[PDB]
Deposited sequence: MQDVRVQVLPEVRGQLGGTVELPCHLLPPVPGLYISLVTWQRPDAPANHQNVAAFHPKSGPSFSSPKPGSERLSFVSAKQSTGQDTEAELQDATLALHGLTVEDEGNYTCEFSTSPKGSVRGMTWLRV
């Protein structure tokens, strides 16, 4: 099975007080691959601020960090089985503030390939 990779933008520029999307896609669309999880994290944020978003095929989306928090976040394309689709893990963030600036890491957990990740700088 071919190896997979994460595609993100080196930087995303969003308008202050507005909305911005952080693109993240698993490539290529390989048949036989199971995506068990995708997460977004801010490595440099305080402890309880690092886990910004997560998506599981069964349990759906979660946003543990209160900042930006679920109120300001959503996965634009990810679907949960009610079948799941996590290949596009693009994250939309509203009410952009300067305090939102920083490195964001998008990481897929997969079978059989394990984890792969990419990083994006968000500038306001």
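Where C-alpha coordinates are absent, the deposited sequence of this PDB chain has only the segment 83-86.
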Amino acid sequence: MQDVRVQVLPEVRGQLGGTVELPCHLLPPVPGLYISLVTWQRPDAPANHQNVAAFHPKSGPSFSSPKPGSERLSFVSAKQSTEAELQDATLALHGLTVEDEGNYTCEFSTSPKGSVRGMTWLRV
From here on, numbers count along this sequence of modelled residues.
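Per the PDB record, of the two stretches 62-70 and 49-57, 62-70 carries the greater mean B-factor over its C-alpha atoms. As listed in the deposited structure, the average C-alpha B-factor of 24-32 and of 88-96 is greater for 24-32. Looking at the C-alpha B-factors along this chain, the one for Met119 belongs to the middle third.
Among all modelled residues in its chain, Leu16 ranks in the highest third by Cα B-factor.
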